[PDB]
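Participant: whatever this is, show me its structure:
(one chain, ligands or ions: 3)
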Amino acid sequence: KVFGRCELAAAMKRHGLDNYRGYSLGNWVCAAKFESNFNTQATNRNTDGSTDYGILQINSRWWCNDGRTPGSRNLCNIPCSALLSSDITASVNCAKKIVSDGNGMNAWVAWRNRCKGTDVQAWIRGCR
Ligand SMILES: [Pt+2]
Ligand SMILES: [Pt+2]
Ligand SMILES: [Pt+2]
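Facilitator: Residues are numbered from 1 along each chain as shown. Ligands and ions are numbered 1, 2, ... in the order given. Coordinates below:
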């Protein structure tokens, strides 16, 4: 599924991301936009043997188990394929774990580069 901006904002708000650990909702919309272009099926296979999966491009070395990645810790306790669903719940739940395990949103390259220091509220402005 390729979400619209306001659609995805509403789904993320229903799953409690607004002000999660002090990150406003527009941060999370912005991260997904520059990670995956709001595409739930996005994958990126890296040269190091890990793969990034889904709308927040969660990586298989630390967070999910794909059976193909050396070193994997599976800290979100999920198969990586569960992050390729049209339903964002698994991605959201895992992201919450990523930010809590002492990581900020700096964990996401795209957030650090394309969202940090910008007006992220633009990404939800005009939505209901
Ligand atoms: Pt939902
Ligand atoms: Pt829901
Ligand atoms: Pt949820």
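
Participant: tell me the phi and psi of the residue positioned nearest the centre of the chain?
Facilitator: Most central in the chain under C-alpha atoms, centre = their mean is residue 56, positioned 2.4 Å from the mean C-alpha point. Dihedral angles phi and psi of residue 56 (degrees, to the nearest 10) take the values phi -110, psi 10.

Participant: excluding covalently adjacent residues, which one is nearest to residue 39?
Facilitator: Computed as C-beta to C-beta, 6 or more residues apart in numbering, the closest residue to residue 39 that is not its neighbour in sequence is residue 2, at 5.0 Å. Using the backbone N, CA and C atoms, a C-beta is placed for each residue, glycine as well.

Participant: and the helices in the chain?
Facilitator: Ranges of helices in the chain, per DSSP state H, are 5-14, 25-36, 89-100, 109-114.

Participant: out of these, which is the most enclosed?
Facilitator: Burial of those is given as mean neighbour count (mean count of other C-beta atoms under 10 Å); helix 25-36 ranks first at a mean of 24.

Participant: for it, the distance to its chain's centre please.
Facilitator: Relative to its parent chain, helix 25-36 has a centroid offset of 7 Å by C-alpha atoms, centre = their mean, to the nearest Å.

Participant: need the contact partners of that helix.
Facilitator: 3, 5, 8-9, 12-13, 17-20, 38, 42, 52, 54-57, 95, 105, 108, 110-111, 113-115, 118, 120-124 (C-beta atoms under 8 Å, 6 or more residues apart in numbering).

Participant: repeat that for stretch 82-97.
Facilitator: Applying C-beta under 8 Å, 6+ apart, the contact partners of stretch 82-97 are 1, 8, 11-12, 15-17, 20, 28, 40-41, 43, 53-56, 58, 63-64, 75-76, 78.
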